[PDB]
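Residue numbers (the deposited numbering), protein chains in the order written: chain 1, 9 to 438; chain c, 71 to 133; chain 2, 5 to 217. As structure tokens, the structure follows; a few thoughts come after it.
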Amino acid sequence: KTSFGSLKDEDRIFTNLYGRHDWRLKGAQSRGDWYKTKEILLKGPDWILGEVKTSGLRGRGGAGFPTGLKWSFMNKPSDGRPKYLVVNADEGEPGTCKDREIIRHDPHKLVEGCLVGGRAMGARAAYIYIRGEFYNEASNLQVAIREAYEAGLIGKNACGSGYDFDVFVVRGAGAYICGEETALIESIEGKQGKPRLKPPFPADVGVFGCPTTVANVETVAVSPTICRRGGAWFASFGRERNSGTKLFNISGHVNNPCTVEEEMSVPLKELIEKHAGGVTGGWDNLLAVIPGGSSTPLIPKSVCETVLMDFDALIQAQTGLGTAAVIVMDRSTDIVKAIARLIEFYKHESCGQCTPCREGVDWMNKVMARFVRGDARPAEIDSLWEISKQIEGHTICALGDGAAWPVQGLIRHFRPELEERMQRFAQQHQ
Amino acid sequence: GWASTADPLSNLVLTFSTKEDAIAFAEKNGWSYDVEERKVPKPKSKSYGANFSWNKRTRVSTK
Amino acid sequence: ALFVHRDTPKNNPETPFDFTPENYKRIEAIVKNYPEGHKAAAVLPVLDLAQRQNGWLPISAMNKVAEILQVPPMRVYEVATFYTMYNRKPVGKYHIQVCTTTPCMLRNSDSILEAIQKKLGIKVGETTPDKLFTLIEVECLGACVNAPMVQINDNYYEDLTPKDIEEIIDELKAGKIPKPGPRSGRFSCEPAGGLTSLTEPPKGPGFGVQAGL
Ligand SMILES: NC(=O)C1=CN([C@@H]2O[C@H](COP(=O)(O)OP(=O)(O)OC[C@H]3O[C@@H](n4cnc5c(N)ncnc54)[C@H](O)[C@@H]3O)[C@@H](O)[C@H]2O)C=CC1
Ligand SMILES: Cc1cc2nc3c(=O)[nH]c(=O)nc-3n(C[C@H](O)[C@H](O)[C@H](O)COP(=O)(O)O)c2cc1C
Ligand code: SF4
Ligand code: FES
Numbered sequence: 009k010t011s012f013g014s015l016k017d018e019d020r021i022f023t024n025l026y027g028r029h030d031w032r033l034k035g036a037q038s039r040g041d042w043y044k045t046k047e048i049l050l051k052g053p054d055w056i057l058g059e060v061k062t063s064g065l066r067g068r069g070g071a072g073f074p075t076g077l078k079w080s081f082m083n084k085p086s087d088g089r090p091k092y093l094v095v096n097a098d099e100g101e102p103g104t105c106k107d108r109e110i111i112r113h114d115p116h117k118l119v120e121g122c123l124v125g126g127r128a129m130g131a132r133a134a135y136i137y138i139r140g141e142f143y144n145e146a147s148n149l150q151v152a153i154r155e156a157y158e159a160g161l162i163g164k165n166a167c168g169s170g171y172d173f174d175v176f177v178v179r180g181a182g183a184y185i186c187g188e189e190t191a192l193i194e195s196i197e198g199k200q201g202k203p204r205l206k207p208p209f210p211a212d213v214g215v216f217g218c219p220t221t222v223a224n225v226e227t228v229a230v231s232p233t234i235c236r237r238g239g240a241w242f243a244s245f246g247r248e249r250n251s252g253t254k255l256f257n258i259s260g261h262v263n264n265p266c267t268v269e270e271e272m273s274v275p276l277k278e279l280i281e282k283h284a285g286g287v288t289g290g291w292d293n294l295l296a297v298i299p300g301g302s303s304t305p306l307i308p309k310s311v312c313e314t315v316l317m318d319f320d321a322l323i324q325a326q327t328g329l330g331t332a333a334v335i336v337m338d339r340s341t342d343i344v345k346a347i348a349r350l351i352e353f354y355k356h357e358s359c360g361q362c363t364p365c366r367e368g369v370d371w372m373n374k375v376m377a378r379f380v381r382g383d384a385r386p387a388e389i390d391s392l393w394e395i396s397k398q399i400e401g402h403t404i405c406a407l408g409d410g411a412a413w414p415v416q417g418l419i420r421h422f423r424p425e426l427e428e429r430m431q432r433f434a435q436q437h438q
Numbered sequence: 071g072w073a074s075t076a077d078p079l080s081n082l083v084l085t086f087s088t089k090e091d092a093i094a095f096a097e098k099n100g101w102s103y104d105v106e107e108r109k110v111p112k113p114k115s116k117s118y119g120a121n122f123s124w125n126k127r128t129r130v131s132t133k
Numbered sequence: 005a006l007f008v009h010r011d012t013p014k015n016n017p018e019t020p021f022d023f024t025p026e027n028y029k030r031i032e033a034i035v036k037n038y039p040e041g042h043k044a045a046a047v048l049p050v051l052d053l054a055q056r057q058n059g060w061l062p063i064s065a066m067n068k069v070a071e072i073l074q075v076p077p078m079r080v081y082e083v084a085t086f087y088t089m090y091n092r093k094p095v096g097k098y099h100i101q102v103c104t105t106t107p108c109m110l111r112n113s114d115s116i117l118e119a120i121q122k123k124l125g126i127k128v129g130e131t132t133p134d135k136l137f138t139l140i141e142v143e144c145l146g147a148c149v150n151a152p153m154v155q156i157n158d159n160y161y162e163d164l165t166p167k168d169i170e171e172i173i174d175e176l177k178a179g180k181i182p183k184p185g186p187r188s189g190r191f192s193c194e195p196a197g198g199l200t201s202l203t204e205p206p207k208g209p210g211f212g213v214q215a216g217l
């Protein structure tokens with residue numbers, strides 16, 4: 009199979025994504041949820057891990073780490089401490105709104121994924137860390153958890169399998185840095201949401217010092233479907249090491265901004281022109297696309313023609329898949345102002361613990377503000393490139409890389425526009 | 071109001087690589103001397119994972 | 005926007021504050037959600053509950069949280085100052101937050117911001133003289149495909165136009181709470197031009213189950 013896309017409705021994991029059916033237990037149970045869960049819980053942890061790692065599922069958070077190895081890191085005998093599965097439902101990355109849909113419309117899929125994942129690695133409980141702004145989504149999740157508890161699906165003797173498992177929901181307080189896994193762990197513990205240093209990895213020391221595995225909502229909600237349908241069915245879609253389906257949020261200067269599930273190796277042009285109704289003013293009006301939210305470098309129109317939205321082909325286009333959040337900017341957009349707003353967002357959302365991000369991101373914010381005004385010189389463009397290279401790779405967490413990358417992409421693909429801006433400011437203001 | 075002195079050896083500081091060279095230099099010049107042993111810091115046990123202990127008192131209240 | 009505290013008659017450590025008994029039971033449930041020996045993990049939800057009861061956080065809820073959780077007050081001060089959802093100043097009854105991040109900026113959110121500004125007669129970061137509205141500008145709120153959008157307290161108002169946000173403000177001034185949803189034709193996140201996916205009925209239980217399970 010060389011061409012990918014045009015996924016049928018029978019192969020979609022996230023049915024009732026748009027909320028057109030019942031989100032409660034009665035409607036979810038008629039859609040295949042909570043079916044034969046006792047069999048998966050009784051087939052052992054290693055069988056679940058083998059089913060996960062045969063499908064080749066990679067982490068949907070944005071790092072793209074393989075899920076089977078990451079989950080099997082906690083398949084070790086316990087030393088008296090409990091083990092915890094922690095679900096990252098923060099979703100603070102701009103352009104990304106898939107986890108809100110998953111929580112709001114399919115909560116029982118998330119609960120079943122929590123139970124199956126906790127059985128796969130011997131977790132004592134589950135801690136769902138939802139965004140603090142998602143009050144209604146958190147209340148819907150609490151209602152569904154109550155319905156699952158009252159039906160005997162979780163709790164003491166969960167699903168009649170002899171396994172004890174609790175699901176908890178913890179609400180955040182409005183911090184984008186708390187989406188980082190170690191910062192999430194620190195925020196659950198009642199501290200400031202500042203990330204830790206690795207090693208120790210969360211499988212060794214995590215929440216409360218216990219072994220902990222932090223997993224995304226999307227990579228958890230698909231696990232019962234993986235164990236039920238099979239790993240080969242999930243691996244039948246996408247390329248090598250890019251298996252399965254993916255939720256895309258198409259937004260920006262597009263006709264129909266929407267969230268839609270699609271095959272992993274779908275072309276970007278086909279995805280945009282099919283699901284979102286095309287960009288405004290036709291395909292020739294496209295100017296730039298950010299494929300993975302604000303943490304990924306942007307690509308111009310000449311690259312989006314022949315690119316595929318998986319991990320490897322987007323890596324080879326010197327960008328990343330990210331969270332599969334496609335932000336589209338047409339020719340009526342100031343690209344410098346958009347990237348400056350992104351850097352301003354990164355300056356506002358930065359924990360300030362470690363030196364290079366804390367100083368340098370504000371430095372880049374000031375430099376890009378002067379770039380938007382045009383009050384600079386090309387020597388400052390090369391200086392900003394060097395500063396971005398100095399920030400990246402020298403920080404505790406990956407927010408510094410996520411703030412360095414968009415500037416590098418903007419410089420690399422739109423240096424003539426910036427130079428024209430500063431030269432017209434110099435010739436107008438003097 | 072300046073600081074006046076009558077001691078020519080007030081600013082005399084001599085540097086030696088090892089203790090025995092200093093001892094021999096002092097004994098050669100007829101100076102009664104005293105020797106203080108070198109104090110070195112003993113090695114510590116440093117662990118970043120001790121800040122998040124499950125049941126020990128070495129947890130940090132903040133970071 | 006100051007991260008130091010100065011004593012005022014309105015905000016002093018002698019300002020009266022205490023939880024209601026039902027809130028004490030809720031605090032007990034929150035504490036019971038956590039392992040023993042790690043009672044300090046409940047600093048965030050109890051502080052949020054105090055803000056929900058009071059509407060803002062003077063320096064009497066912080067000390068009360070430190071007292072009922074046996075944690076130092078400095079840790080509660082750090083928690084309150086780090087996160088942006090906690091209000092250390094008294095905001096109005098309706099706290100309007102307008103997202104101006106780039107996916108919302110591309111869909112003309114500044115038009116919504118200036119619409120709110122000329123409807124309320126204030127600017128960003130200010131409060132109406134009758135203490136009913138507060139207008140601030142925030143980062144992304146996880147509704148980027150429904151841009152432009154605002155958040156009023158717990159509710160999300162999405163796909164807004166200047167006329168729609170003016171209608172929301174006028175209805176809020178009358179005392180009635182609007183429906184927290186997109187004001188366009190779509191319901192939650194579907195494409196406006198019909199359903200391009202998930203148009204079939206779901207297959208149901210036992211569909212595609214592998215053998216041996
Ligand atoms: N989803 C979102 O909202 C956002 C996603 N991102 C993306 O997230 C990524 C950065 O996130 P991180 O988790 O910090 O980076 P990633 O490099 O570290 O690590 C992913 C996971 O693999 C584990 N891991 C990796 N190597 C390991 C080893 N040798 N031993 C044990 N565990 C190991 C880590 O513990 C972590 O849980 C970037 O790709 C960025 O684009 C960035 C911003 C927002
Ligand atoms: C600044 C920052 C913010 C992040 N925010 C989120 C987030 O909101 N949701 C998420 O799932 N992962 C987020 N991540 C990625 C996590 O560190 C981690 O990779 C993820 O929670 C679990 O990865 P997985 O998809 O393999 O399960 C963020 C990372 C960084 C550096
Ligand atoms: S890179 Fe920035 S957000 Fe990340 S640990 Fe350092 S200061 Fe905090
Ligand atoms: S960019 Fe405004 S809700 Fe995400």
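C-beta: ideal position from N, C-alpha, C; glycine also.
Leaving out the 5 sequence neighbours to the left and right, which residues in its chain are closer than 8 Å to residue i when beta-carbon positions are compared?
{"i": "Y98 (chain 2)", "result": "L136, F137, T138, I156, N157, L176"}
{"i": "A196 (chain 2)", "result": "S188, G189, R190"}
{"i": "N224 (chain 1)", "result": "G67, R68, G69, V95, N96, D107"}
Checking the sheet assignment: what are the DSSP bridge partners for residue i?
{"i": "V94 (chain 1)", "result": "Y135 (chain 1), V222 (chain 1)"}
{"i": "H99 (chain 2)", "result": "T138 (chain 2)"}
{"i": "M337 (chain 1)", "result": "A296 (chain 1)"}
{"i": "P414 (chain 1)", "result": "Its beta-bridge partners do not exist; DSSP assigns none."}
{"i": "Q155 (chain 2)", "result": "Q101 (chain 2), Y160 (chain 2)"}
{"i": "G301 (chain 1)", "result": "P299 (chain 1)"}
{"i": "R111 (chain 2)", "result": "Paired residue(s): none; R111 (chain 2) is not in a bridge."}
Between residue i and the rest of its own chain, which residues show a CB-CB distance below 6 Å, the 5 nearest in sequence each way excluded?
{"i": "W31 (chain 1)", "result": "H113"}
{"i": "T45 (chain 1)", "result": "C167"}
{"i": "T128 (chain c)", "result": "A120"}
{"i": "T104 (chain 2)", "result": "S113, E141"}
{"i": "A181 (chain 1)", "result": "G140"}
{"i": "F12 (chain 1)", "result": "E271, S273, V274"}
{"i": "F81 (chain 1)", "result": "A211"}
Note down, in chain order, each residue of its chain lying with its Cβ closer than 7 Å to the Cβ of residue i, except the 5 sequence neighbours on either side.
{"i": "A147 (chain 2)", "result": "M153, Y160, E162"}
{"i": "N250 (chain 1)", "result": "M272, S273, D318, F319, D320"}
{"i": "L350 (chain 1)", "result": "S302, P414"}
{"i": "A284 (chain 1)", "result": "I258, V262, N263, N264, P265, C266"}
{"i": "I63 (chain 2)", "result": "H9, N15, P17"}
Rank the options by C-alpha distance to the C-alpha of residue i and give the top, closest one.
{"i": "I335 (chain 1)", "options": "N373 (chain 1), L295 (chain 1), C218 (chain 1), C362 (chain 1)", "result": "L295 (chain 1)"}
{"i": "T131 (chain 2)", "options": "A54 (chain 2), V95 (chain 2), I34 (chain 2)", "result": "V95 (chain 2)"}
{"i": "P39 (chain 2)", "options": "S195 (chain 1), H356 (chain 1), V215 (chain 1), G170 (chain 1)", "result": "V215 (chain 1)"}
{"i": "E47 (chain 1)", "options": "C235 (chain 1), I193 (chain 1), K34 (chain 1)", "result": "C235 (chain 1)"}
{"i": "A159 (chain 1)", "options": "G180 (chain 1), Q200 (chain 1), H116 (chain 1)", "result": "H116 (chain 1)"}
{"i": "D390 (chain 1)", "options": "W42 (chain 1), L329 (chain 1), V375 (chain 1)", "result": "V375 (chain 1)"}
{"i": "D87 (chain 1)", "options": "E197 (chain 1), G198 (chain 1), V213 (chain 1)", "result": "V213 (chain 1)"}
{"i": "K78 (chain 1)", "options": "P219 (chain 1), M372 (chain 1), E427 (chain 1), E145 (chain 1)", "result": "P219 (chain 1)"}
{"i": "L279 (chain 1)", "options": "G27 (chain 1), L316 (chain 1), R247 (chain 1), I307 (chain 1)", "result": "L316 (chain 1)"}
{"i": "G130 (chain 1)", "options": "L57 (chain 1), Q438 (chain 1), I136 (chain 1)", "result": "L57 (chain 1)"}
{"i": "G170 (chain 1)", "options": "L161 (chain 1), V178 (chain 1), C362 (chain 1)", "result": "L161 (chain 1)"}
{"i": "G125 (chain 2)", "options": "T19 (chain 2), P20 (chain 2), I173 (chain 2)", "result": "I173 (chain 2)"}
{"i": "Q435 (chain 1)", "options": "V177 (chain 1), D383 (chain 1), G201 (chain 1), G67 (chain 1)", "result": "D383 (chain 1)"}
{"i": "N96 (chain 1)", "options": "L33 (chain 1), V177 (chain 1), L426 (chain 1), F22 (chain 1)", "result": "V177 (chain 1)"}
{"i": "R366 (chain 1)", "options": "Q150 (chain 1), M337 (chain 1), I347 (chain 1), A411 (chain 1)", "result": "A411 (chain 1)"}
{"i": "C405 (chain 1)", "options": "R20 (chain 1), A191 (chain 1), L50 (chain 1)", "result": "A191 (chain 1)"}
Using 10 angstroms around the beta-carbon of residue i, count the other beta-carbons present and answer buried if the total reaches 16, otherwise exposed.
{"i": "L205 (chain 1)", "result": "exposed"}
{"i": "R127 (chain 1)", "result": "buried"}
{"i": "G328 (chain 1)", "result": "buried"}
{"i": "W42 (chain 1)", "result": "buried"}
May I have a chain-ordered list of the beta strand (DSSP E) segments no shorter than 3 residues that lie completely inside the stretch 104 to 190 of chain 1?
133 to 138, 163 to 166, 171 to 179
Of all the alpha helix (DSSP H) runs that stay within the bounds of the stretch 213 to 281 of chain 1, which reach a length of 4 or more residues?
225 to 229, 231 to 237, 239 to 243
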